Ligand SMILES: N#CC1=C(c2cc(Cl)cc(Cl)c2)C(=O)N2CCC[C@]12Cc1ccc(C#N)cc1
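The chain below stands alone, shown as structure tokens; this is the form deposited without this ligand.
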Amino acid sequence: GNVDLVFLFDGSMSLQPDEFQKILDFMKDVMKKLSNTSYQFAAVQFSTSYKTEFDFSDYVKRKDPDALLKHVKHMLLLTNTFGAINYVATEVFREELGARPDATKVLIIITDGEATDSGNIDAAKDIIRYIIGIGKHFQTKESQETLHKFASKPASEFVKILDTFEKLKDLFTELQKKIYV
């Protein structure tokens, strides 16, 4: 079946320039590898506020990862993950914006720490949520477990902890394999 996937990427002040750039390249690589498939994409940047870098309809109009992300600017603010996931649920996955009703909703969240806000993400729980926590903040099991609440179950599959942003390239594989079974 069809798959509508949204990249929700962290743009807080805790990420270094090169780190932020590696997220961008990850999104581009994934897209290029999935061009001309059942996949349709959208991408939202989150820090303090939520910015839809491109909606599903922008992707359909121009299936060019480089052009779609061309003007992305690292926000350098907070890490409002609750507001971010909720925004994706209500503002991104809409037919008006190009979302397909027959499609499987997938969300790939990339971040380096804990949310600076709070609440619940119940409105986005139907979406297949993969979360990629990266860096020094996720060394212990205790710290890694804070990501569990944003991901699908079990956490053993949907929560991916990387020690470096360099680990992003060697990660595209796993995802698409499990995204449809």
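Position 1 is the first residue in the sequence shown; the rest follow in order. In this text, the rigid core denotes the largest set of C-alpha atoms whose superposition between the two forms falls within 1.5 Å.
- The mean C-alpha temperature factor is higher for 56-64 when 56-64 and 118-126 are set side by side.
- As listed in the deposited structure, the average C-alpha B-factor of 74-82 and of 95-103 is greater for 95-103.
- As recorded in the PDB entry, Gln139 shows the highest C-alpha B-factor of the residues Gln40, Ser47, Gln139, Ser152.
- In the deposited entry, the Cα temperature factor of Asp170 sits in the top third of values across the chain's modelled residues.
- Sort the modelled residues of the chain by CA B factor and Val3 lands in the middle third.
- Looking at the C-alpha B-factors along this chain, the one for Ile131 belongs to the lowest third.
- When all modelled residues of the chain are sorted by CA temperature factor, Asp25 is found within the middle third.
- The deposited CA B-factor of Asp18 belongs to the highest third of values across its chain.
What follows is about the form deposited with this ligand bound, which we do not show.
- Classification of the binding site as blocked follows from the superposed pose of this ligand in the deposited complex: three or more of its atoms fall inside 2.4 Å of backbone or C-beta atoms here.
- Figure note: of the listed segments 52-60, 66-74, 116-124, 129-137, the one touching this ligand in the deposited complex, with heavy atoms no more than 4.5 Å away, is 129-137.
- When contacts are defined as a non-hydrogen atom within 4.5 Å, none of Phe46, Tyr87 and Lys149 contacts this ligand in the deposited complex.
- Proximity to this ligand in the deposited complex, defined as a heavy atom within 4.5 Å, singles out one entry of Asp163, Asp18, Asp25, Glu157, which is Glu157.
- Residue contact check for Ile108: one or more of its heavy atoms lie within 4.5 Å of this ligand in the deposited complex.
- Using a 4.5 angstroms threshold between heavy atoms, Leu5 counts as touching this ligand in the deposited complex.
- Residues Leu34, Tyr39 are the ones in 34-54 with at least one heavy atom within 4.5 Å of this ligand in the deposited complex, listed in sequence order.
- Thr164 is not among the residues whose C-alpha shifts by 2 Å or more between this form and the one not shown once the rigid core is aligned; its shift stays under 2 Å.
- Comparing the forms between this form and the one not shown, the C-alpha position of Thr173 differs by 2 angstroms or more, with the core used for superposition.
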